[PDB]
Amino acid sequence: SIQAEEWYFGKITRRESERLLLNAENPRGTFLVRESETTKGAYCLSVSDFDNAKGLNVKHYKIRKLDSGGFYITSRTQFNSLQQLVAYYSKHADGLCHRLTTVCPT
C-alpha cells in the first residue's frame, strides 16, 4: 500500500508539489510521489535540485505501472514495487536530477 508511505502525497497538484519542494531548507533530492494530474495510472516523482545556474528548482518524472506488475521511470529498469523503486533511486541518480535523499516536509 503506497498510500501508507510517508513520501506518498497522493492527490496533490504539480504546483502544490513545487510549492512544497521549493523551500530553501530543502537539500538536493528532497522528494515526494503523487498522482499524475493527467496521465492516468501513472504517478509523478517530484524532486528538488539545486545549482548555481538555476538555484533551487523542481523536476517531475513519470512512474509507469504495468498491470503486468512492474513499476518504472525507464522500461529498461523495472521494480516489483514502488517502494523498491524509491529505494533504488535513493542510491542511484542514473538519469534523475539527483538521487532521492529526504522526504519532503509538509
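Basically, rigid core = biggest C-alpha set you can superpose within 1.5 Å across the two forms. For every residue, the number given is its place in the sequence shown, counted from 1.
* Give, as the answer, the stretch of 61-69 and 27-35 that departs more from the shown form in 7 other deposited structures of this protein; the measure is RMS Cα distance after a core fit. => Relative to the shown form, the greater RMS C-alpha distance in 7 other deposited structures of this protein belongs to 61-69.
* **Between 81-89 and 17-25, larger RMS Cα displacement in 7 other deposited structures of this protein after core fit** => With the rigid core superposed, the C-alphas that lie farther in 7 other deposited structures of this protein are those of 17-25.
* Select between 31-39 and 66-74 the stretch whose C-alpha atoms have the higher average B-factor in the entry. => Per the deposited B-factors, the answer is 66-74.
* Asked: Do the CA atoms of 18-26 or those of 5-13 have the higher mean B-factor in the entry?
  -> Higher mean C-alpha B-factor in the PDB entry: 5-13.
* To do: Among all modelled residues of this chain, ranked by Cα B factor, put residue 59 in the bottom, middle or top third, i.e. lowest, middle or highest.
  => Tercile = middle for this residue's CA B-factor.
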